[PDB]
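Participant: Provided hereafter are the protein sequence and its experimental coordinates.
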Amino acid sequence: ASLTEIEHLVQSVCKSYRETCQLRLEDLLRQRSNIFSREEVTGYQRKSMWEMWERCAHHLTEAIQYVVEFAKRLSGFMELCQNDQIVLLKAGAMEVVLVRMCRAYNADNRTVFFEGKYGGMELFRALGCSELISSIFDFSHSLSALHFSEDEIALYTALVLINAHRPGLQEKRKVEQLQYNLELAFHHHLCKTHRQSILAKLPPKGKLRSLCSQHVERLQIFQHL
Ligand SMILES: O=S(=O)(c1ccccc1)N(CC(F)(F)F)c1ccc(C(O)(C(F)(F)F)C(F)(F)F)cc1
């Protein structure tokens, strides 16, 4: 009920990202020149699928390991029952990772940050599902064509978690309110930055779900972590 407490929420959510920026954007941009040479690439291609999926599920579990803190520094988040605190992240934290990967994306050369270097999707010929791989590349490519800002990722990823239509919740009405205040806080900073035009350039609500869902099956056929 105050412009201060609304901006305070905006300023808060952006602070949670700055620490849970798993990667340093400065390093990401400064290392965008250091690229897996075709010799160094060819090493990854030999590995059987059972290797990369582990390496992938390792970094992903490590990447999620920074989403878990981020979720907990949000206003009123611990004021939920553990039921309505586990139901959220299991469905939500996965989609947050796919977002933060846009930071690690260089749409100039269509490359992504993998184990200290940048590499294309031929770095993943071993897995055997390039269509899913490419769809992730073009998805992150659909957020480089928006030139996202740090506080735009922090404010959108935060509204990926805070969904009240997640089944299994119990304190539902208690989640809607916290989602209301994040919708308005999101639109507000968009207005006061003249970036509200992207509200339609967004990938839909259903694209994010059908992406990692279509993948996490395959990650679970192998590692299941
Ligand atoms: O950003 S990643 O480098 C990545 C590379 C290629 C395709 C997707 C994502 N990495 C996140 C981290 F920074 F931790 F490395 C990541 C790797 C792989 C995944 C996958 O879960 C998979 F398939 F390998 F298991 C997938 F992208 F497919 F979902 C997710 C995130």
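Facilitator: In hand now; what should we look at? Numbering: from 1, shown residues only.
Participant: Disregarding residues adjacent in the polypeptide, which is nearest to residue 63?
Facilitator: Leaving aside its sequence neighbours, residue 63 sits nearest to residue 97 (CB to CB, 6 or more residues apart in numbering; 5.2 Å). From N, CA and C alone the C-beta is placed, and that goes for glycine too.
Participant: can you check residue 102 too?
Facilitator: residue 143 (4.1 Å).
Participant: Return the residues in contact with the one you found.
Facilitator: By CB atoms under 8 Å, 6 or more residues apart in numbering, the contact set of residue 143 is 99, 102, 105, 203.
Participant: Which parts of the protein are strands?
Facilitator: 105-106, 111-114, 117-119 (DSSP state E).
Participant: Which one of those lies nearest to residue 155?
Facilitator: Ranking those by proximity to residue 155 (CB to CB) places strand 105-106 first, at 19.1 Å.
Participant: residues in contact with that closest one?
Facilitator: 32, 111, 112, 118, 137, 140, 141, 143, 144.
Participant: I'd like to know which of these is nearest to residue 183.
Facilitator: residue 143 (19.8 Å).
Participant: For the chain, what lies in contact range of the ligand?
Facilitator: Within the chain, the positions adjacent to the ligand are 56-57, 59-60, 62-63, 97, 101, 104, 112-114, 136, 212, 215, 219 by CB under 6 Å from any ligand atom.
Participant: Tell me the buried residues within the residues you listed.
Facilitator: 56-57, 60, 63, 97, 101, 104, 112-114, 136, 212, 215, 219 (16 or more other CB atoms under 10 Å).
Participant: Out of the residues you listed, list just those in helices.
Facilitator: 56, 57, 60, 63, 97, 136, 212, 215, 219 (DSSP state H).
Participant: Next, count neighbours for the residue nearest to residue 214 when sequence neighbours are not counted.
Facilitator: In space, residue 214 comes closest to residue 132 once its chain neighbours are excluded; the distance is 6.4 Å by CB to CB, 6+ apart. For residue 132, the neighbour count with other CB atoms under 10 Å is 16.
Participant: now do residue 35
Facilitator: 16.
Participant: going forward can the numbers begin at 604, since that is how I track them
Facilitator: With 604 as the first residue, the last one maps to residue 638.
Participant: List the buried residues for stretch 654-661?
Facilitator: 655, 656, 659, 660.
Participant: how far out from the middle of the chain is it?
Facilitator: Stretch 654-661 sits 18 Å away from the centroid of its parent chain (CA atoms, centre = their mean, to the nearest Å).
Participant: Show residues contacting it.
Facilitator: 647, 650, 718, 727, 729, 730, 822, 825, 826, 828.
Participant: if I pick the fourth one, what's in contact with it?
Facilitator: With contacts defined as CB under 8 Å, 6+ apart, the neighbours of residue 727 are 647, 655, 733, 736.
Participant: Relative to residue 619, how far out is the residue lying closest to the third one once chain neighbours are set aside?
Facilitator: In this case it means residue 733. Excluding the flanking residues, the one nearest residue 733 by CB to CB, 6+ apart is residue 724, at 6.5 Å. Between residue 724 and residue 619 the computed distance is 31 Å (CB to CB, to the nearest Å).
Participant: Name the residue in these two with the higher neighbour count.
Facilitator: residue 619 (18 against 15).
Participant: That one: what's its closest spatial neighbour, skipping adjacent residues?
Facilitator: In space, residue 619 is closest to residue 676, 4.1 Å off (CB to CB, 6+ apart).
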